[PDB]
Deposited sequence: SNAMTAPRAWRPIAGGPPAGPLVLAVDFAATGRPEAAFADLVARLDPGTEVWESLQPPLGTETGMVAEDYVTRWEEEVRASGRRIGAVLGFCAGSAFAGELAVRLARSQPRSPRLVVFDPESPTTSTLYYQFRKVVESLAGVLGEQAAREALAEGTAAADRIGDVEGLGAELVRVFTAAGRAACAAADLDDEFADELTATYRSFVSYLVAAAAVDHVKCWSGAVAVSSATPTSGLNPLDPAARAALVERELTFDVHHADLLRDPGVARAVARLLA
């Protein structure tokens, strides 16, 4: 299955696209849907079973999500995405505008098309967050190799593949230097692999095309979402941009965000 219901309803459906990962710093769509209008039915995107995302490009990710919606027979009233998930949200919304008589609304939250920079920064934060499970040695070497990779590999797909190599090697080193359990380590390295696969495929989406009709919801974190862009570039990229004085990591749990989103969906 490619979708998980996270809030019930009678009615048109809301899809929410994100990489589900307990332990990340950022609030999640569960935090937003808790604060939306009751009766809003919401499904959250599931990743392919661990390992089966090997061999999937962006087209395959989107078709997998889209075919399950087609099979369900349900109509989609809105597609939400957060961060890199906004890329896939936009593509699904464009495809549903073509397959449905009436187009869904598209709302993207701090939308990002992954770059070598965002990939590398997220890699560093994953490693730091897991320094205790990996041990100081495997974590130190992972950062050293990842920095070297970021210095030498200029493209997103290639950097992602190398960072996954590095992280996999760190997990395997932790099982033989820091006493990390072997099945927890396979899960850890497989989950990071799935995350990078998702990010690299998200980067392949034509985000200029698919965000042209999006309403963007923006935090105040200057490195997040549309915030690094020139003002004229932001206005050209999306149809509308609402701003909120909250951190990126709090955006989806903020009551003001939820109030505005409920009105966008009404």
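Q: Note down, first to last, the deposited-sequence stretches for which the model contains no C-alpha atom.
A: In sequence order, the gaps with no modelled C-alpha are 1-7, 18-19.
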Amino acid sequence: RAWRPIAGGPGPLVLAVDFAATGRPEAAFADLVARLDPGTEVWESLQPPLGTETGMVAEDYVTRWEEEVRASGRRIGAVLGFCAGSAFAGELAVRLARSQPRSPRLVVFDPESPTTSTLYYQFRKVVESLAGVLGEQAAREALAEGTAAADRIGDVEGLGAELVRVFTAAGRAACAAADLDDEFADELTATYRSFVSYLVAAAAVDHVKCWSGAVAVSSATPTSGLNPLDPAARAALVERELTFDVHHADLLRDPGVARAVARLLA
From here on, numbers count along this sequence of modelled residues.
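Q: So 221-229 or 205-213, which one's hotter by mean CA B-factor in the entry?
A: Averaging CA B-factors over each stretch, the winner is 221-229.
Q: What stretch has the higher average Cα B-factor here, 24-32 or 195-203?
A: On average, C-alpha B-factors are higher across 24-32.
Q: Of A131, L163, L106, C83, which one's C-alpha B factor is largest in the deposited record?
A: Among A131, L163, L106, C83, the PDB entry lists the largest C-alpha B-factor for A131.
Q: In this PDB entry, which of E91, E112, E187, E141 has the top CA B-factor?
A: Max CA B-factor in the entry, restricted to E91, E112, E187, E141: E187.
Q: Thinking about Cα B factors across the chain, which third does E239 belong to?
A: Middle third of the chain for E239's C-alpha B-factor.
Q: Give the position of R259 by CA B-factor within its chain, expressed as the lowest, middle or highest third.
A: As the PDB entry reports it, the C-alpha B-factor of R259 lands in the lowest third of its chain.
Q: So where's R75 on the chain's Cα temperature factor ranking, which third?
A: For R75, the deposited C-alpha B-factor lands in the lowest third.
Q: Using the B-factors in the PDB entry, rank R95's C-alpha atom against the chain and give the third, lowest, middle or highest.
A: Within its chain, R95 is a lowest-third residue by C-alpha B-factor, going by the deposited values.
Q: Should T40 be placed in the lowest, middle or highest third of its chain by the C-alpha B factor in the entry?
A: Highest third - that is where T40 ends up once the chain's C-alpha B-factors are sorted.
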